[PDB]
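One structure below.
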Amino acid sequence: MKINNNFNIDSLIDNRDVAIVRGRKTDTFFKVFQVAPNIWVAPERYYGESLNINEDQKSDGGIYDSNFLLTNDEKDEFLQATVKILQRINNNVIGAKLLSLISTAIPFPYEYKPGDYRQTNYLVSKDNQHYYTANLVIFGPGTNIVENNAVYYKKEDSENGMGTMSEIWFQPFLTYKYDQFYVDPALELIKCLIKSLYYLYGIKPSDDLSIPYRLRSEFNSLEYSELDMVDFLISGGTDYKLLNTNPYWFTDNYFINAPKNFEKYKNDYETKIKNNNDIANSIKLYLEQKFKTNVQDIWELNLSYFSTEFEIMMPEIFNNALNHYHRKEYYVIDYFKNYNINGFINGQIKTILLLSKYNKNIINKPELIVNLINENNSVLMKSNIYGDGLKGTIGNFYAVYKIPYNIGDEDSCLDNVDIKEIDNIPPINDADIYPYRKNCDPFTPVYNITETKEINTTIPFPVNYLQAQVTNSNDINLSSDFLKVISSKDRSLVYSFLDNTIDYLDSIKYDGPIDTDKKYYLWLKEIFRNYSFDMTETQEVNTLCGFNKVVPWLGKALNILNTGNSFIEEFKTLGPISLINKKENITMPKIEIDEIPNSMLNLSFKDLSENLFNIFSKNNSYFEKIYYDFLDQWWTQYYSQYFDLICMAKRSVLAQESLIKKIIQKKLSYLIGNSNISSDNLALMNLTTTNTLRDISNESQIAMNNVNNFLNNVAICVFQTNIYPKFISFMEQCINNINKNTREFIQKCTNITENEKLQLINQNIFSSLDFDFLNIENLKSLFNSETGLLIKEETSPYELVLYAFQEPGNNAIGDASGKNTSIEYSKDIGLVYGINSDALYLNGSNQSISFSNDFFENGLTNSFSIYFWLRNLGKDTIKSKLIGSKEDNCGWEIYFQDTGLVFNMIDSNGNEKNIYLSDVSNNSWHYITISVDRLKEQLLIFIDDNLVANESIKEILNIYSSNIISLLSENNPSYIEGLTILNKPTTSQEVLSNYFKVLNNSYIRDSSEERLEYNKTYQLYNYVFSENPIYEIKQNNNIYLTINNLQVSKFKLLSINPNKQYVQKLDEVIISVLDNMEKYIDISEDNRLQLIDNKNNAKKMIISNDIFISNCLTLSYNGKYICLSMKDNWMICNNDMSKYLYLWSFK
Amino acid sequence: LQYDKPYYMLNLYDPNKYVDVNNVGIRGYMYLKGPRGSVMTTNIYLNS
């Protein structure tokens, strides 16, 4: 496909690609541009909805601007933005297939007469002499400018398989930030395109068909919010995982009828149309391609699949009920500045979007007004709880649905679509279009009238706390009494739950003013640390379900069990079920089970047994369906409240983060305006405060993940302890009744003997083994999603992980962490295999590497870690720089010095941490790790796998340096492998794990930590006698090898295959000694190691080692190793001594 | 995993497809094609 981007709002009308047409039958006209075959864009507001409507007719949560998309510049911006999103979608393969399918899914022609067909999809020119073929026209939004939608041209024609045109209301300029990312407008366009697919294939459900979505737990009444069928089928998310089950617990006549109508019209085309020459072959080809894809393919298309394919982060939990949870904020996207063919420029998180002007115009009509009042009915607090725009029924859907006992259950979502075939189709000319008059339903705008009700509460609700935690005052006092915060008539305090930060601010309340930058650094670091200890802190508790990461501040964030001494004590003494309001919500599904047919009475034993087996299988499947229904019911009823808690807690965390940032910025501005600090110090203070704010954001994200995981586990445990026992009891009664019926039926059969009656009775019983469907992995794997993976890899702690390899022609060196780290390296750096991968070889004079990344600038309060593999090839005692970031003497660095290393950390204020590491430069590989943890203020240095240094950096302030980390390795050629910088402190266990994981790659290493190889002249040493080599000496007409308490023996390893170079673990070896003529090893009768000359008489030993030891290999033969002998000291093949004797090494 | 023991191929990204050769020669290549098919015995098992 090719999207036409060469159109502007003032292009001349060519009567083919750009024209002016009429919407429906009304006298309104508008300009449209054909971007791809049969798909048009109308860069104008939707004609059907009036641009101005009454105030009470406004939809809550909607932004109304009658002047939007009015001027020609705005229309051209809309056209270009829509074309850019179209190009982005088309560039991906799956998006291109979707676009081709929409371009070829023409509505079925209407047979006005037998053999006479008239099109339904057409657009009428101004004077009504030109007709345009269009499957889909993309408009601007209707009355509400944030309401993306898709509507059908004709209702019945789009309901019964014929199909209609679709009309899209699209808002490309506005986006909203969900959690930590901006929703891509391309995904919303894709969702509307899929809805247009539903319309084009005539598979639109009846309006009353709608699965339940949430339980309106905010009210005091029983009511279920149920979502439309198309919205649930195409939205995706975790909710779609509770319906797309095998087998299907929810089925309806629609899913049977829709394929029927599709096949009916397919037959109509292939019999009547395909052989008819009355219409152009273009319609033949379009219908052929439309019918080449069935209805199951359209059904399996949903936003989860496109999120996975396009790698787009989307809401995943209750994503169609966000207007109750997420009060959105809107950002304007400049498609020449903040967008391109690859989505948001520099990712969906790292891009910056200007706040839209419309956020103040967001209409806020809440479904509930909560009023906290005291004993004397005085109005203390007032807050708004919003609806979701979903139809709320008063009847329990789960108590009325009848799970179908009898049903039949049996690839890429759009695998059958051929883009090349659809592109090759010539378009439909204007001269061969015969329209059908009544092809369009009269459009009627639909206005949703929300209802408002009041509630008076003596106990604060979570929204009371959430709204009391936000303030507009810039002089904020974080209080610790919500009742006092509300009762504060001065409107000065703001409620908070950070006891450490509040106490620290109270302690420095009488502290002297911060005159210099050093005091500012101290204050900022202390505030960051107190905030991170307040927010990210979690505690493991053992509940009736397991070990759970209870996050204690929720009690003071959402008014959850504040009565007790602590949140954890109440959470334990009350159980998980206490965290929600409506706790007894599970009802037994209405289930019918067919009794055994009586016609089987006159059946033979084998046929009766086979029918009973079929009944058994169907009963098991029905029980599984009942479990799926119970799972969906538990979700919709109980996990809705827990996700309300999740979103409220995340909003509380964001409010606290904003308050802390307000405090930081007000202090920084006051210091800038009212201090004698030098101007360059003020500039560095601003630069450092930016990084500190970024780190505060990261700590907030950590807290959000913590509360999310805690509440997910709590909900799963609620399902464990509350829903499953009820399912078990109901299923026990059901299996008891079915067993009784089957036993009676067998005892009533006439053609069956008594022994065969007993056999069939015992063969077809039901017990707990048949409805024991509980699976914890599936319950905790519901919440896994592509959005989670993308967030996890985007916020990955790996700031830099150097990767290097050799391609035919050159060597590739770079960053593999996925961040924006740029690498500039001297092109004369070779790559040689190190431990596990390639390693950079540095001359030490002109070989330079520079890693640029913003985080490398470091700062006052960012923890980080640097680890790598270093093998020095120098002997210089001079203090020669190896690697680090040092701008104006400020930063961190590591230099060679003596035979070891020196780690240096210099801050702006002059405080210096200088540490020396001994025995590091030995022509041997060493795994070096540094961990700077600003929370506990700890500096950890590991060499190989030993904690060589553990210092306190409590006296190190801002170390802001340049963004460049430079690897020079002055004056010492060296091998550097696996360079890695993380933004997280590293513990000892992680260092040990990384060391052993890299080392344990099934390779045999000599004393030099390098790779041992065949046909190399080594020298053998013992672990116990590493200082004492092995000598060859003649005795008893033979030659024997021994140590001395003597010419040193030369050792080589030989393999059977001449294609093997290095020696891998667990392989056969022939040991060889280089004499005047080469000789091999053998084991004599006394198990002594004899030297022989025969080539084939030498037998093959086995090489192994222990993963706990880097390079102390062991040689064995037939289950008996080689060990040092007693003093007499040769080697013997015996296993009646200490383990240290079997150990060996090579050099 | 053992040498000299024929194995059929599967890809974790797209299980429904299996490996096949287009042609043998210098210009040939290997590719994935489907559907995997299905072996079923009623009320007992149904797998690709």
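Ordering of the structure tokens sets the chain letters (A, B, ...), residue numbers begin anew at 1 in every chain, and ligands are numbered from 1 in the order given.
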
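Shell of residue A:417 at 7 Å, with only C-alpha atoms counted and residues fewer than 2 places along the chain excluded, is residues 97, 101, 414, 415 and 419 of chain A.
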
Only N, CA, C and O atoms, please: the residues just picked out, written as a short mmCIF file (atom, residue, chain, number, x, y, z; two decimals), in the first residue's frame.
```cif
data_model
loop_
_atom_site.label_atom_id
_atom_site.label_comp_id
_atom_site.auth_asym_id
_atom_site.auth_seq_id
_atom_site.Cartn_x
_atom_site.Cartn_y
_atom_site.Cartn_z
N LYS A 97 -1.78 -4.93 6.57
CA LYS A 97 -2.81 -5.92 6.28
C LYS A 97 -4.18 -5.42 6.71
O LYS A 97 -5.17 -5.61 6.00
N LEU A 101 -7.32 -4.80 4.21
CA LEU A 101 -8.61 -5.42 4.46
C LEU A 101 -9.73 -4.39 4.48
O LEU A 101 -10.78 -4.60 3.88
N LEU A 414 -4.97 -12.05 10.76
CA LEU A 414 -5.25 -11.64 9.39
C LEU A 414 -4.28 -12.31 8.43
O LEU A 414 -3.70 -11.67 7.55
N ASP A 415 -4.10 -13.62 8.59
CA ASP A 415 -3.13 -14.33 7.76
C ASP A 415 -3.59 -14.46 6.32
O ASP A 415 -2.76 -14.46 5.40
N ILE A 419 -1.88 -8.33 0.77
CA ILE A 419 -1.75 -6.91 0.47
C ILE A 419 -1.47 -6.69 -1.01
O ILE A 419 -2.02 -5.78 -1.64
#
```

Residues of chain B within 10 Å of chain A, counting only C-alpha atoms, as an NGL selection string: :B and (14-17 or 34-36 or 40 or 42-44 or 46)

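For the pair atom CA of residue A:18 and atom CA of residue A:445, the separation is 27.3 Å.
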
Excluding stretch 367-379 of chain A and any residue of its chain fewer than 3 positions from it, enumerate the residues within 7 Å of it, using only C-alpha atoms, and give them as a short mmCIF file (atom, residue, chain, number, x, y, z; two decimals) with N, CA, C and O atoms, in the first residue's frame.
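The resulting file, selection_24.cif, is reproduced below:
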```cif
data_model
loop_
_atom_site.label_atom_id
_atom_site.label_comp_id
_atom_site.auth_asym_id
_atom_site.auth_seq_id
_atom_site.Cartn_x
_atom_site.Cartn_y
_atom_site.Cartn_z
N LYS A 382 -16.16 17.40 50.84
CA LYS A 382 -16.99 17.09 49.69
C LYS A 382 -16.10 16.69 48.52
O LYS A 382 -15.07 17.32 48.27
N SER A 383 -16.51 15.64 47.81
CA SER A 383 -15.71 15.12 46.72
C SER A 383 -16.62 14.50 45.67
O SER A 383 -17.78 14.18 45.94
N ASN A 384 -16.07 14.32 44.47
CA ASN A 384 -16.82 13.83 43.32
C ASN A 384 -16.28 12.48 42.89
O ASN A 384 -15.07 12.32 42.72
N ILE A 385 -17.18 11.52 42.70
CA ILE A 385 -16.87 10.22 42.11
C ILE A 385 -17.57 10.13 40.77
O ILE A 385 -18.79 10.34 40.69
N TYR A 386 -16.82 9.83 39.73
CA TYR A 386 -17.30 9.92 38.36
C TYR A 386 -17.76 8.57 37.83
O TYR A 386 -17.34 7.51 38.31
N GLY A 387 -18.62 8.62 36.83
CA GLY A 387 -19.10 7.43 36.16
C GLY A 387 -18.11 6.95 35.11
O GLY A 387 -16.98 7.41 35.02
N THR A 450 -26.23 11.96 32.29
CA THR A 450 -25.78 11.39 33.55
C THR A 450 -26.68 11.84 34.70
O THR A 450 -27.32 12.89 34.64
N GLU A 451 -26.72 11.02 35.74
CA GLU A 451 -27.52 11.31 36.93
C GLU A 451 -26.59 11.54 38.12
O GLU A 451 -25.57 10.87 38.26
N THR A 452 -26.96 12.50 38.96
CA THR A 452 -26.16 12.91 40.10
C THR A 452 -26.91 12.59 41.39
O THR A 452 -28.09 12.90 41.52
N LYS A 453 -26.21 11.96 42.33
CA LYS A 453 -26.80 11.62 43.62
C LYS A 453 -25.78 11.91 44.72
O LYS A 453 -24.57 11.99 44.47
N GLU A 454 -26.28 12.08 45.94
CA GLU A 454 -25.47 12.48 47.08
C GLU A 454 -25.38 11.36 48.10
O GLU A 454 -26.29 10.53 48.22
N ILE A 455 -24.27 11.34 48.83
CA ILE A 455 -24.07 10.42 49.94
C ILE A 455 -23.43 11.18 51.09
O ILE A 455 -22.51 11.98 50.87
N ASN A 456 -23.93 10.97 52.30
CA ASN A 456 -23.37 11.56 53.51
C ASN A 456 -22.73 10.46 54.34
O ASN A 456 -23.41 9.49 54.72
N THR A 457 -21.45 10.61 54.65
CA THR A 457 -20.67 9.58 55.33
C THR A 457 -20.04 10.14 56.60
O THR A 457 -19.49 11.24 56.60
N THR A 458 -20.13 9.36 57.67
CA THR A 458 -19.45 9.70 58.92
C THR A 458 -18.00 9.23 58.94
O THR A 458 -17.24 9.67 59.81
N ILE A 459 -17.61 8.37 58.01
CA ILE A 459 -16.25 7.84 57.93
C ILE A 459 -15.68 8.24 56.58
O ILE A 459 -16.33 8.01 55.55
N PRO A 460 -14.49 8.83 56.52
CA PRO A 460 -13.96 9.29 55.23
C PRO A 460 -13.77 8.13 54.26
O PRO A 460 -13.38 7.03 54.65
#
```

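Between atom CA of residue A:497 and atom CA of residue A:788 lies a distance of 28.1 Å.
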
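Between atom CA of residue A:931 and atom CA of residue A:1106 there is a distance of 27.8 Å.
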
Selection: 10 Å around residue A:720, only C-alpha atoms, excl. self and same-chain fewer than 6 positions, as an MDAnalysis selection string: chainID A and resid 544:545 714 774:776 779

Those residues with N, CA and C atoms, as an mmCIF file, in the first residue's frame please?
```cif
data_model
loop_
_atom_site.group_PDB
_atom_site.id
_atom_site.type_symbol
_atom_site.label_atom_id
_atom_site.label_comp_id
_atom_site.auth_asym_id
_atom_site.auth_seq_id
_atom_site.Cartn_x
_atom_site.Cartn_y
_atom_site.Cartn_z
ATOM 1 N N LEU A 544 -2.845 -16.176 55.124
ATOM 2 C CA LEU A 544 -3.486 -17.468 54.892
ATOM 3 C C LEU A 544 -3.270 -17.951 53.465
ATOM 4 N N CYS A 545 -2.529 -17.170 52.690
ATOM 5 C CA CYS A 545 -2.288 -17.429 51.286
ATOM 6 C C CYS A 545 -0.811 -17.498 50.933
ATOM 7 N N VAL A 714 -3.104 -9.748 46.758
ATOM 8 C CA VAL A 714 -4.213 -9.785 47.706
ATOM 9 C C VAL A 714 -5.496 -10.220 47.014
ATOM 10 N N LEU A 774 -8.326 -25.204 40.125
ATOM 11 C CA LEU A 774 -7.516 -24.115 40.653
ATOM 12 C C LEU A 774 -6.103 -24.170 40.095
ATOM 13 N N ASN A 775 -5.621 -23.025 39.623
ATOM 14 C CA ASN A 775 -4.279 -22.929 39.056
ATOM 15 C C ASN A 775 -3.744 -21.549 39.405
ATOM 16 N N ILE A 776 -2.780 -21.495 40.323
ATOM 17 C CA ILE A 776 -2.287 -20.207 40.793
ATOM 18 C C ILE A 776 -1.522 -19.491 39.691
ATOM 19 N N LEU A 779 -3.917 -17.647 37.506
ATOM 20 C CA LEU A 779 -4.505 -16.504 38.198
ATOM 21 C C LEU A 779 -3.527 -15.345 38.323
#
```
